[PDB]
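1. below: the sequence, then the experimentally determined structure.
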Amino acid sequence: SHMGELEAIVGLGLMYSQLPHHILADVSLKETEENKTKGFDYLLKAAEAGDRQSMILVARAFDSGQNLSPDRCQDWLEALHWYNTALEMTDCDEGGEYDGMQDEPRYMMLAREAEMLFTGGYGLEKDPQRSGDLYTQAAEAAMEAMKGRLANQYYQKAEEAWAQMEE
């Protein structure tokens with residue numbers, strides 16, 4: 001025989017009205033919603049909205065200078081103001097710190113604020129007594145957090161504050 005070998009592929013070329021979605025499927029949305037939500041105005045609008053985490057973000061943004069952008073005047077009074085707010089509006093200070101993950105470390109926030117207030121920065125007033133007291137609150141918060149080393153560290157910092165406070 002001499003037929004049947006090498007079958008010509010004919011009667012093919014159908015089912016084109018389906019079109020695999022793996023090809024030729026523009027499903028890209030022209031809406032950069034996520035972009036403007038990652039913008040300074042949003043963080044601070046949410047800071048004014050009442051979002052504690054967002055307040056901490058803008059605070060550290062003013063402090064670190066990074067997200068504040070370097071083309072803007074570095075003010076630490078606004079930062080201080082926001083740190084105050086976070087501490088004053090937290091419900092984990094009066095015996096309500098039972099989350100497990102300390103995403104808001106009271107003692108470290110207090111410590112930073114203390115240092116800020118005790119140093120100054122031209123625009124921020126140096127109030128030694130507030131810093132001393134703040135170190136004590138920080139260290140006590142650390143004691144409560146079973147952070148003995150940090151407590152005695154800022155306590156030693158506190159002792160030096162009142163030692164230099166005697167002027």
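-> Noted; the coordinates are in hand. Residues are numbered from 1 along each chain as shown.
2. which phi and psi values does residue 104 adopt?
-> phi -120, psi 80 (degrees, to the nearest 10).
3. no no, residue 149
-> Phi and psi for residue 149, reported as degrees, to the nearest 10, are phi -60, psi -50.
4. which residues are in contact with the residue nearest to residue 78 when sequence neighbours are not counted?
-> Nearest non-adjacent residue to residue 78, counting by CB to CB, 6 or more residues apart in numbering: residue 62, 5.5 Å away. (Each C-beta comes from the backbone N, C-alpha and C, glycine too.) By CB atoms under 8 Å, 6 or more residues apart in numbering, residue 62 lies in contact with 68, 74-76, 78-79, 82.
5. and of these, the nearest to residue 162?
-> residue 76 (23.2 Å; CB to CB).
6. hmm, that closest one is touching residue 113, no?
-> No: using CB atoms under 8 Å, residue 76 makes no contact with residue 113, being 10.4 Å away.
7. among the contacts of residue 62, give me the pair with the biggest separation.
-> 74 and 82, at 14.2 Å, using CB to CB across the contacts of residue 62.
8. coming back round to it: who has more neighbours, residue 76 and residue 113?
-> residue 113 (23 against 19; other CB atoms under 10 Å).
9. where's the more buried one relative to residue 130, distance?
-> 9 Å (CB to CB, to the nearest Å).
10. quick one, phi/psi of the closest residue to residue 57 other than its chain neighbours?
-> In space, and not counting its chain neighbours, residue 57 is closest to residue 43: 5.3 Å by CB to CB, 6+ apart. Main-chain torsions, residue 43, degrees, to the nearest 10: phi -50, psi -50.
11. before we move on, back to that, and the residue nearest to residue 78, what helix or strand is that in?
-> Taking DSSP states H and E as the criterion, residue 62 maps to helix 52-64.
12. tally of neighbours for the residue lying closest to residue 126 once chain neighbours are set aside?
-> Spatial nearest neighbour of residue 126, excluding adjacent residues (CB to CB, 6+ apart): residue 120 at 4.3 Å. Other residues near residue 120 come to 12 when the count uses other CB under 10 Å.
13. quick one: residue 120 and residue 128 touch, right?
-> No: using CB under 8 Å as the test, residue 120 is too far from residue 128 to be in contact (10.5 Å).
14. next one: residue 75 from residue 103, what distance?
-> According to CB to CB, residue 75 and residue 103 sit 26 Å apart.
15. what does residue 117 give?
-> Distance, residue 117 to residue 103, by CB to CB: 24 Å.
16. higher neighbour count, these two?
-> In this view residue 117 and residue 103 are compared by other CB under 10 Å, and residue 117 has more residues nearby, 24 against 8.
17. grab the nearest non-local neighbour of that one.
-> residue 131 (4.7 Å).
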